[PDB]
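Okay, here's what each chain looks like letter by letter:
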Amino acid sequence: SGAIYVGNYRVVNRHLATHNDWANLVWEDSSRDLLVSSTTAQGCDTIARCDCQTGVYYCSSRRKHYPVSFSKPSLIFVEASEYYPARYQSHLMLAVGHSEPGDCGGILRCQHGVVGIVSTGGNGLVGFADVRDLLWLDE
Ligand SMILES: COc1ccc(Cl)cc1NS(=O)(=O)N1CCC[C@H](C(N)=O)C1
Ligand SMILES: [Zn+2]
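## Re the site of ligand 1
Taken together, the neighbourhood of ligand 1 is formed by 16 residues, with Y84, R87, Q89, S119 and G121 sitting nearest. A distance of 3.0 Å separates an oxygen atom of ligand 1 from a polar atom in the side chain of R87. Interatomic distance of 3.3 Å between a backbone N/O atom of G121 and an oxygen atom of ligand 1. Protein coverage of the free-state accessible area of ligand 1, which is 520 Å², stands at 81%. With five residues, the top contributor of residues to the shell around ligand 1 is strand β9 (residues 113–122). Here the shell around ligand 1 is built from residues that sort into six nonpolar, seven polar and three charged.

Below is the structure:
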């Protein structure tokens, strides 16, 4: 579990979004596994605007932060699950590192700010849903 709070926005994994998230929907994209809902309180997370390929992510299944090298956002095949059928998930970045399903929502950060959130994993890999292209999160 986990979310990004920027301005009057809450960014979460679409497969973990609550009734309140859907009742205050701003934008959602199942191909990216992202959902953005509105908030009453102001958010103070800074979103990165860069093409960094190194950063640090939080892994709740180990209560640790890990440094990683990750690929640029791209279309990656993701096997069928209880939330989605087998499909290509877009804007997804992969790294070699530990992850378990409950790790989804953990933030990936570079020196410029928040890059994305954990969205996939398995077989010694971890996938992150990129958020750097969503320029409207700032305005
Ligand atoms: C051992 O499997 C995991 C390990 C770590 C992690 Cl973050 C996840 C899994 N399962 S998973 O199949 O990647 N995952 C399940 C939840 C929805 C994801 C999606 N974005 O379509 C896909
Ligand atoms: Zn950066």
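## Quick notes on the side chain of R32
Inspection of the secondary structure assignment puts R32 in the loop between β2 (25–29) and β3 (34–44). Look at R32 and you get buried, because its relative accessible area is 5%. At 2.8 Å, the side chain of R32 and the side chain of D133 are in polar contact. Contact partners of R32, with chain neighbours within four places excluded, come to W27, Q89, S90, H91, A129, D130, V131, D133 and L134.

## A look at the coordination of the zinc ion (ligand 2)
Within the protein, the zinc ion (ligand 2) binds to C50 (SG), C52 (SG), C110 (SG) and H112 (ND1); these donor distances fall in the range 2.1 to 2.4 Å. Geometry at the zinc ion (ligand 2) is tetrahedral, judged from the four donor atoms that bind it and their angles of 101 to 116 degrees at the metal. Read N to C, the donor residues that coordinate the zinc ion (ligand 2) are spaced as C-x1-C-x57-C-x1-H. Taken as a pair, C50 in the loop between β3 and β4 (54–59) and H112 in the loop between β8 (107–110) and β9 lie far apart in primary sequence, 62 residues in all.

## Regarding the environment of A23
Looking at where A23 falls in the secondary structure, it is placed in helix α1 (residues 19–23). Judged by its relative accessible area of 64%, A23 is exposed. When the C-alpha positions of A23 and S69 are compared, they lie 37 Å apart, and in sequence the two are 46 residues distant.

## Some details on the domain arrangement of the chain
Here the chain is described as being made up of domain 1 (3–44) and domain 2 (45–139). Counting residues at the interface gives 21 residues for domain 1, matched by 25 residues for domain 2. For the pair domain 1 and domain 2, the summed buried area comes to about 1900 Å², and 60% of that belongs to carbon and sulfur atoms. A per-residue breakdown of the area domain 1 buries against domain 2 is headed by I4, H15 and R32, which together make up 35% of the total.

## With respect to the pattern of salt bridges
For the structure on display, the rule yields six salt bridges. Put simply, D133 and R32 hold a salt bridge, and the shortest N to O gap is 2.8 Å. With a gap of 101 residues between them, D133 in the segment after β10 (125–130) and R32 in the loop between β2 and β3 connect regions that are remote in the sequence. Between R49 and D138 there is a salt bridge, and its shortest N-O distance comes to 2.9 Å. In this pair, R49 is assigned in the loop between β3 and β4 and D138 in the segment after β10, connecting sequence segments 89 residues apart.

Parameters at a glance
- Residues numbered from 1 in each chain as written, not as in the entry; some residues may be left out.
- Chains lettered and ligands numbered in written order.
- Heavy atoms only, no water.
- Near = heavy atom within 4 Å.
- Polar contact = N/O pair within 3.5 Å; in protein donor to acceptor, adjacent residues only side chain to side chain.
- Areas by Shrake-Rupley, 256 points an atom, 1.4 Å probe, with all protein chains shown as cover.
- Helix = DSSP H or I, 4+ residues; strand = E, 2+ residues; numbered from the N terminus.
- Nonpolar A, V, L, I, M, F, W, Y, C, P; charged D, E, K, R; others polar.
- Buried < 20%, exposed > 50% of the residue type's maximum accessible area, 1.4 Å probe, protein only.
- Contact = heavy atoms within 4.5 Å.
- Donors = N, O, S within 2.8 Å, 3.2 Å for Na, K, Ca; no water.
- Tetrahedral: all angles 85-135°; square planar, octahedral: opposite > 155°, others 65-115°.
- Domains from an automatic or database assignment.
- Buried area = accessible area lost by both parts, 1.4 Å probe.
- Salt bridge = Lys/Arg side-chain N within 4 Å of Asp/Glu carboxyl O.

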